[PDB]
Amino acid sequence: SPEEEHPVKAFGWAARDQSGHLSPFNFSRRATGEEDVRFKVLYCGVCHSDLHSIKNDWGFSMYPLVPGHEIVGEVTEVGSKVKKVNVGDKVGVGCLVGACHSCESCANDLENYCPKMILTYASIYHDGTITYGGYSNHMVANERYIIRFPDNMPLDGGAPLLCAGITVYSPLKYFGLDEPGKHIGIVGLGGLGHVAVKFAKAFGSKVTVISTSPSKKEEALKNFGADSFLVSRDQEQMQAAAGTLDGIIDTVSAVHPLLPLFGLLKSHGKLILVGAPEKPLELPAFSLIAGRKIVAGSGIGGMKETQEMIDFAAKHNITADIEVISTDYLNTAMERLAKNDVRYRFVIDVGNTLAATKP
């Protein structure tokens, strides 16, 4: 049973089937190994991936499932061989908790592209046990997967950077879209989306937000500093912005038309997909052939870059626009997320509200 699997008792909220209903769940975590860092969870951002997972949208879900991979907390214990962290330090854990550490990808700081990468939740750890996420009281992870939180970085506002942040920061850098002056488009002004605008602006790029929500126009332009706001619903407005973007970061969580997006790209432009739709997208061959355009994918980021990303965010005072919620509000929050009703990221105040939900 989950409660007896490991020596240290743990408590959190989990889903038991694809209805995705979350409720109190008792389990356990391994003892602190020599290279392990144990910490009390203070905050955990809510990623749409969490929603996809509890609902089994991708079909890769095993239950019971404890989601959450934008975890921030305070160190309570460290193994005898830990070097970069001390008890009391503020740390975080993203989407990864392990990898093989013996392949070219891992050697090149790309644990995220390791064929044996281990996800923070819904995966199998090196000890053969299921991984449980951040919607819980405490966490333990190997030092290589521990992110050191900057002193000038709010614990709640910076939590989403652990997944949303690195996921958009990584491709902007890798695909050479972080050049000042370049025109970058962001599709879907949601969790990853609004954070992507912030990073793009910090890199000095001109940003165009492509959205299905006219109500987000003022916030996109006046608060996030987007240079242009396009409603994908408006074919008229889209055509007027034809061939204006050097690259696009698409964060849409559902199947959506790609044709219009390629139209916004300049010759040789790049469309980067980071959203994880449940089903395949439509790709018009002509959209790529005419202008030698590219469509690529990107997943989170390696551990080294994740730390570099949070260090950059702290220097540029970048944080997510969050709505802090109590643990018992999780099911309502999940429905609001499904209905595009959050501006722009939910963050669970685990440290102050989880304990009270114990039956």
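All residue numbers are counted from 1 along the displayed sequence.
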| query | finding |
| --- | --- |
| Which of 229 to 237 and 251 to 259 has higher mean CA B factor, as the PDB entry lists it | 229 to 237 |
| Entry-level comparison of average CA B-factors, 278 to 286 and 107 to 115, reporting the higher stretch | 278 to 286 |
| Residue, from 332, 298, 61, 49, that the PDB entry assigns the highest Cα B-factor | 61 |
| Among 138, 268, 144, 101 - the residue whose C-alpha B-factor is largest in the record | 101 |
| Third assignment of residue 205 from its chain's C-alpha B-factors | highest |
| Ranked against its chain, the third holding the CA B-factor of residue 126 | middle |
| Residue 28 - Cα temperature factor, lowest/middle/highest third of chain | middle |
| Where the record places residue 319 (Cα B-factor, split into thirds across the chain) | highest |
| Where the record places residue 157 (Cα B-factor, split into thirds across the chain) | middle |
